[PDB]
Amino acid sequence: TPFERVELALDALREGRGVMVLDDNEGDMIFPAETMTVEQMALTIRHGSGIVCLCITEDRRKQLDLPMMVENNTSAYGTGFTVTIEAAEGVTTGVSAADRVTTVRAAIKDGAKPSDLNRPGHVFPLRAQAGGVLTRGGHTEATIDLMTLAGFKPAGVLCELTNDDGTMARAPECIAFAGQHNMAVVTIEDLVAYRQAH
Amino acid sequence: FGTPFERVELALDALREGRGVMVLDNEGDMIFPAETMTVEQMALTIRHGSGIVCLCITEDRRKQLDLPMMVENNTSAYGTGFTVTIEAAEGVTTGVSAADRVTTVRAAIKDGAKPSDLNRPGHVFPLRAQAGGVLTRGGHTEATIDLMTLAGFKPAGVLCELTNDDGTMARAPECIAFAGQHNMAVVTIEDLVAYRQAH
């Protein structure tokens, strides 16, 4: 059931596993920002678009002082990238799985201040829409709600799953793949239903 | 091994034959003529790259498209110089597929491209090359630009860092092994700097 699938995912997150979030033809591996490992970051760079985003809230955004990249968002989904980031220390080129994580941990770390970060960089922040999947049915909000439900900071890492031939992964592939990495599979509809109820 | 000048010219050939170049200075960047790059190639660079696939351009292509610099005060360790990211305003879907990235790229360079040809933000990341090239700034950005203009191309080229699968950045021997396995010409920014100084 929707509710079963949602709660089963919330578990996965707490056990520090990944979730494969789907909707409508693209699946996003996502992780708690707080728990994610280099090995996991490597995995997402290895099979992701390599465009690895850090979903955050408008308040974490204000806290770090990250302006929205564009004043007038014209992308097909109003995707909502802010200004990109690099950990102001602990990193080198900022591209290694090791470095991306480090950048990420600097962003979430309790009481992170803007000087903790360098702009631009190789981690790409996504501001979640206030209201979550009920305001906006996107992987961005989906990622945020799962984290806050799981009881985490409202910050989580995400990435599209890519076939090696370069095509975006379809559900059966996202599913095959989630299965092969102890990742809980869920859908934004499931999450919307779950939330509507509660 | 040969010479700086030999290596440089040998690369300029690779580019015209529509092959790739492995540019080193440590971190190696696969790069391609923006104009000639194929989805298969884009796939290859997403499959072994950081996945962060950039489109090096000139300040004039930047003005033409009306892309502001992402940050007003660049504080990155290398002043890397990203502008506002992009998506092809048509022909694409989610903009992430190798197919889609290319399409975004072709829209950007296409003769007489106007800003309305593009959507911001998106999944291709423009890099504005510093006026003066590798002689002003010794970066993969300018290295990419000079090679394209030397090869006789538009001053626009696609680039990406080579990543080991374990998630570590590729070192030279790897970049070399790899370039070798894809008919890619290997060159270094020093070689290019030397080449330019002469001419």
Query raised in the report: So what's the gap between the Cα centers of the range A:94-163 and the range A:1-51, to the nearest angstrom?
Result: 12 Å
Requested in this report: Obtain the nm distance between the two label points defined at A:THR74 and A:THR167 by a simple spin-label model: each point lies 7 Å from its Cα along the Cα-to-C-beta direction.
Outcome: 3.1 nm
Query - At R0 = 45 Å, FRET efficiency that the Cβ-Cβ distance of A:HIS181 and B:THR149 yields, to 0.05 - result: 0.50
Query - Cβ-defined net charge surrounding B:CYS175, 13 Å radius [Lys, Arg +1; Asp, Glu -1] - result: -4
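Just the number, please: percent antiparallel of the DSSP beta bridges in chain B, rounded to the nearest 5.
In chain B, DSSP labels about 70 percent of beta bridges as antiparallel.
How high is the relative contact order of the range A:50-198, in percent, counting Cα pairs under 8 Å that sit 6 or more residues apart?
On the way: 214 pairs, mean separation 40.8, N = 149.
Averaging sequence separation for qualifying contacts and normalising by length gives 27 percent for the range A:50-198.
What does the charge count near A:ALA142 come to, summing +1 for each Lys or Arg and -1 for each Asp or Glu among other residues with Cβ under 9 Å from its Cβ? Numbers along the way, then the final one.
On the way: positive: none; negative: A:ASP23, A:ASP28, A:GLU141, A:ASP145.
Here the count lands on -4.
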Report summary line: Here the net charge surrounding A:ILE56, from other residues whose Cβ is less than 12 Å away from its Cβ (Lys, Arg +1; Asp, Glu -1), is +2
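Residues of A:122-128, mean number of Cβ from any other protein chain within 10 Å of their own Cβ, rounded to a whole number?
Numbers: counts 8, 1, 5, 0, 1, 0, 0.
Whole-number average of other-chain Cβ neighbours for A:122-128 is 2.
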**Report entry** Test item: A:42-50 mean partner chain Cβ contacts at 10 Å
**Finding:** 6
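Determine the calculated [θ] at 222 nm for the protein assembly as shown from helices alone, applying -39500 (n - 2.57) to every DSSP H run no shorter than 4 residues and normalising by the residue count; nearest 500 deg cm²/dmol.
-11000 deg cm²/dmol
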Report summary line: antiparallel share of DSSP beta bridges within the protein assembly as shown, to nearest 5, in %, is 70 percent
Report summary line: Long-range amide H partners of B:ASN119, meaning residues 5 or more apart or on another chain whose placed amide H is closer than 5 Å, are B:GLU87, B:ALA88, B:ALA89
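Note that each Cβ is placed from the backbone with ideal geometry, even for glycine, and that neighbours are counted across all protein chains shown. We did not get these values from a lab; they are worked out from the coordinates using the rules stated.
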